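Engineer: build me a model from this:
(2 chains, ligands or ions: 4)
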2 protein chains.
Amino acid sequence: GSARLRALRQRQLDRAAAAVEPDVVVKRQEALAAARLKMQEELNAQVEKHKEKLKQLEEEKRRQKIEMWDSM
Amino acid sequence: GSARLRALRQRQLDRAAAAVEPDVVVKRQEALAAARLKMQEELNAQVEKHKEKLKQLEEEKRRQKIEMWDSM
Ligand SMILES: [Cl-]
Ligand SMILES: [Cl-]
Ligand SMILES: [Cl-]
Ligand SMILES: [Cl-]
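Structural biologist: Numbers count the residues shown, from 1 in each chain, chains lettered A, B, ... in the order given. Ligands and ions are numbered 1, 2, ... in the order given. Below is the structure in question.
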C-alpha cells in the first residue's frame, strides 16, 4: 500500500457516505417529490381532457339520433 | 321558342323530378343511413378508448401514491 492509496480510500469512503448524508437525502427527496407533483398535475390534466372528450362524444351520439328523426 | 327548347325543358323537368323519385329517395336514404352507422361505430370505439385511458390514468395516480409511501 501507500499514503496516497490510504488517502484515496478515505476519500472514497467520504463519497460513499455522502450519498446518504442528511443534506443529500433531503435534497434528493425534494427532487423526487417535485417530479411526483409535476407528474400528478399532468395526470390530472389528462383525466380532465379525456372526461371533456367523453362529454363531447356523447353529445355527438345524441345529435346523430336527433338528426335522423328530424330528417324523416 | 322551338321544338329543341321544348324538349330540353321536358328533360330538365324529368331530371328535377328524378331527385325525389322513390328509387332515388330510398337509395339516398340508405347512403345516409350507412354513413350514420359507420360514424356511430367510430364514436362508440372512441368512447371505449377514452374510458380505457381514464382507467389507466387512475391506476397511475394510485401507483404514484403507493410508490411514495413505499419509499419512506
Ligand atoms: Cl461508507
Ligand atoms: Cl383527449
Ligand atoms: Cl319537377
Ligand atoms: Cl384515447
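
Engineer: which parts of stretch A:31-49 are buried?
Structural biologist: Buried residues in stretch A:31-49, counting neighbours by 16 or more other C-beta atoms under 10 Å in any protein chain shown, are found at A:43, A:47. (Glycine included, C-beta is placed from N, CA and C.)

Engineer: now stretch A:13-22
Structural biologist: Buried-residue list, stretch A:13-22, by 16+ other C-beta under 10 Å: empty.

Engineer: anything in it near chain B?
Structural biologist: No. Applying C-beta under 8 Å from any C-beta of the partner chain, one finds stretch A:13-22 separated from chain B by no less than 13.9 Å.

Engineer: now that stretch: how far from the chain's centre is it?
Structural biologist: Relative to its parent chain, stretch A:13-22 has a centroid offset of 27 Å by C-alpha atoms, centre = their mean, to the nearest Å.

Engineer: same deal with stretch A:40-51?
Structural biologist: 12 Å.

Engineer: pull that stretch out as PDB, backbone CA atoms only.
Structural biologist: What follows is stretch A:40-51, C-alpha atoms only, in PDB (Å, rounded to 0.1, in the frame of the first residue of the first chain):
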ATOM      1  CA  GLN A  40     -49.700  14.300 -10.800                       C
ATOM      2  CA  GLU A  41     -50.500  17.700 -12.400                       C
ATOM      3  CA  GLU A  42     -50.100  16.200 -15.800                       C
ATOM      4  CA  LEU A  43     -52.100  13.100 -14.900                       C
ATOM      5  CA  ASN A  44     -54.900  15.300 -13.600                       C
ATOM      6  CA  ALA A  45     -54.900  17.500 -16.700                       C
ATOM      7  CA  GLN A  46     -55.200  14.300 -18.900                       C
ATOM      8  CA  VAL A  47     -58.000  13.000 -16.800                       C
ATOM      9  CA  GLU A  48     -60.000  16.200 -17.300                       C
ATOM     10  CA  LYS A  49     -59.200  16.300 -21.000                       C
ATOM     11  CA  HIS A  50     -60.500  12.700 -21.500                       C
ATOM     12  CA  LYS A  51     -63.600  13.500 -19.500                       C
END
